[PDB]
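Visitor: Experimental structure and its sequence below.
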Amino acid sequence: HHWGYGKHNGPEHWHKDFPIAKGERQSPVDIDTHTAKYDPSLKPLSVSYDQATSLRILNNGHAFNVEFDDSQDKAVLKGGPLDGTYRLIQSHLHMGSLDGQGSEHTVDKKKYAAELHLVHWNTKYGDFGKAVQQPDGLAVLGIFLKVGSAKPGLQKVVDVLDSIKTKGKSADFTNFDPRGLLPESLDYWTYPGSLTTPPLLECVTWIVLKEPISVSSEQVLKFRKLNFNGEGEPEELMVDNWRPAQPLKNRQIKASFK
Ligand SMILES: [Co+2]
């Protein structure tokens, strides 16, 4: 079978096809605020998404995805713990089957209903494929979702989710603004980690936003109606596609706030 989140192909199995699964820099991790430490050396985080330009949304059988045009520095990430410019290439959503779970990272063991990931690559490598092969090739912004008031920025995509219900489906979508996913505050935690899905490469500088954004019950439920399976196959809801917290292995989690 292909890796996934089921009993026979889930996170606990990954290590057999990807030994790195048991690495020293694996993600996600639980953010222990008693341990996380404020770092003065961190510069202001710069999230320039004004020129952002989305291309399409798609169901790859692993999570809801949206691809961006990364040919130019239209939507980039700089500052914070980053050296240079990191270009936004894609974003995906880790969702739970229940409100009390779904987020990959946890804060003092607390899980959120979901977690969005905005992936950027170090332009110093000229290509996303080459960046993932480097320790500092990726910068992923993590954003926690909790239920409550509806997130205006999510409604547009939420209304067309049926067009990418099953694996392998995709739909053009040029108006997905990642700016509309950001919380008010940009306070965050950083730490060296990896991709949270195979190949689990440890090429990521994680920037997890402290403040979660709100999404309505209805928006969450629409996201939970997506399928892991393909068309014609037995329905398997795309829920609980999150990897649990991995060992911190003495890595240091830095806070951008006092
Ligand atoms: Co992810």
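Guide: Ah, there it is. Numbering: from 1, shown residues only.

Visitor: show me what contacts the nearest residue to residue 134 once chain neighbours are set aside?
Guide: Nearest non-adjacent residue to residue 134, counting by Cβ to Cβ, 6 or more residues apart in numbering: residue 203, 5.8 Å away. (Each C-beta comes from the backbone N, C-alpha and C, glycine too.) Contacts for residue 203 were tallied using Cβ atoms under 8 Å, 6 or more residues apart in numbering; they are 131-138, 194-195.

Visitor: any idea which element the residue nearest to residue 97 when sequence neighbours are not counted lies in?
Guide: Spatially, and ignoring its direct neighbours in sequence, residue 97 is nearest to residue 239 (3.6 Å; Cβ to Cβ, 6+ apart). Under DSSP states H and E, no helix or strand contains residue 239.

Visitor: and the gap between residue 250 and residue 80?
Guide: 22 Å (Cβ to Cβ, to the nearest Å).

Visitor: what do you get for residue 30?
Guide: 21 Å.

Visitor: more crowded one of the two?
Guide: residue 80 (21 against 18; other Cβ atoms under 10 Å).

Visitor: ok, the residue nearest to residue 97 to residue 223 distance?
Guide: 9 Å.

Visitor: Common neighbours of those two, please.
Guide: residue 95.

Visitor: In the stretch 151-258 of the chain, which residue sits closest to the ion?
Guide: residue 196 (4.8 Å; Cβ to the ion).

Visitor: nearest residue to that residue other than its sequence neighbours?
Guide: residue 243 (4.6 Å).

Visitor: what's the neighbour count on the one you found?
Guide: Neighbour count for residue 243, taken as other Cβ under 10 Å: 21.

Visitor: Now do the contacts for it.
Guide: Contact analysis of residue 243 by Cβ under 8 Å, 6+ apart lists 11, 27-28, 104, 196-197.

Visitor: change it to 6 Å
Guide: 11, 104, 196 (Cβ atoms under 6 Å, 6 or more residues apart in numbering).

Visitor: Quick check on it: phi, psi?
Guide: phi -100, psi 130 (degrees, to the nearest 10).

Visitor: before we move on, what about residue 118?
Guide: Dihedral angles (degrees, to the nearest 10) for residue 118: phi -110, psi 110.

Visitor: how about it, what does it touch?
Guide: Residue 118 neighbours (Cβ under 6 Å, 6+ apart): 91, 141, 178.

Visitor: Tell me the bridge partners for it.
Guide: Here residue 118 sits in beta bridges with residue 91, residue 141, as judged by DSSP bridges.

Visitor: how close does residue 220 get to residue 45?
Guide: The value you get for residue 220 to residue 45, if Cβ to Cβ is used, is 27 Å.

Visitor: And for residue 53?
Guide: 21 Å.

Visitor: What about the residue lying farthest from the centre of the chain? Give its phi and psi, please.
Guide: Most distant from the centre of the chain: residue 232, at 28.6 Å, with distances by Cα atoms, centre = their mean. Note on residue 232: backbone dihedrals following degrees, to the nearest 10 are phi 90, psi -20.

Visitor: From residue 146, how far out is it?
Guide: Counting by Cβ to Cβ - residue 232 and residue 146 are separated by 35 Å.

Visitor: do residue 53 as well
Guide: Taking Cβ to Cβ, one finds residue 53 at 28 Å from residue 146.

Visitor: For residue 220 and residue 45, work out which one has more neighbours and name it.
Guide: The residue with more neighbours, out of residue 220 and residue 45, is residue 220; 22 against 19, by other Cβ under 10 Å.

Visitor: Can you tell me, leaving aside adjacent residues, what's nearest to the more buried one?
Guide: residue 147 (5.7 Å).

Visitor: neighbours around that neighbour, how many?
Guide: Neighbours around residue 147, by other Cβ under 10 Å: 17.

Visitor: list the contacts for it?
Guide: Applying Cβ under 6 Å, 6+ apart, we find residue 147 in contact with 99, 113, 217, 220.

Visitor: 8 Å instead, please
Guide: 99, 113, 214-217, 220.
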